[PDB]
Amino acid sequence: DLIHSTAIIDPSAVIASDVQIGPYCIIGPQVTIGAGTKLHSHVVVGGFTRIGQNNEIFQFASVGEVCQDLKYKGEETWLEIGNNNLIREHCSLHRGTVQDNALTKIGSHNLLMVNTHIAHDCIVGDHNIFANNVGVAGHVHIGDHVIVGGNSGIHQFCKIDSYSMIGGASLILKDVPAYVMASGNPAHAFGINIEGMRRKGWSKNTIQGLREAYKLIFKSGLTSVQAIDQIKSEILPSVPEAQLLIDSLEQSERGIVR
């Protein structure tokens, strides 16, 4: 049978068609599991979690457990997971806090390798890869097509925007703008994800515009606002892809990694 008899499923849970749940899983209250999702053995879904379609969750993952924030006082909060994600062994995904929006959210087509931690109130987009032992702290926002190298940590409230790459064993304390390669402890920007955007099939002119934008942001001594003005003036009109960089700088709360 698709659901092993030793799984324990709260009466308030709702399980869609063709869901697989292996031995010794625990499904808590107010959990919904979408069609085609597979849980291996030994998965705990704590409660208050909506899981989409065609996910796969491996043994010893702790999914939708209460957060670690000492401010938390038992309020009703949630975790949402989209579709087609891979959540490997030993991951921990925590529910939100009322101080933010009571919601931790992950999108679709993500790979969370062994021991990925997604803290309370994170918002993660689509097509991301978190390598082993990645720790994403509270209220972090991750875009799409991001790669986070193994054993890296992302500090609370940071924003890691689309197509960026974080090198292995990095400590990220500030925002990483769209397309940026950042690495280290301490953690510096090193350039644009040129190979990544070439592999995505982007033109030389587009790439050159983003390289000029990078120089304006990181090498020229300009403030974020000043760099935005230059990108808007000279680069954005022929390189619409530069808008993601502008968005990074406009949306930043912690400042950016340099």
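Throughout, we count residues from 1 along the sequence that is shown.
The PDB entry records a higher mean C-alpha B factor for 234-242 than for its counterpart among 234-242 and 16-24. Of the two segments, 191-199 and 61-69, the one listed with the higher mean B-factor is 191-199 (C-alpha atoms only).
By the numbers in the PDB entry, the CA B factor is greatest at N101 among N133, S162, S108, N101.
In this structure the maximum Cα B-factor among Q30, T37, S41, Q208 is found at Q208. Residue-level temperature factors show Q53 in the middle third of its chain, judged at the C-alpha atom.
Ranked within its chain, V225 lands in the highest third, by CA B factor from the PDB record. In the PDB entry, a CA B factor belonging to the middle third of its chain's modelled residues is recorded for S170. Compared with the other modelled residues of the chain, the Cα B-factor recorded for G143 ranks in the middle third. When the modelled residues of the chain are ordered by their C-alpha B factor, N83 lands in the lowest third.
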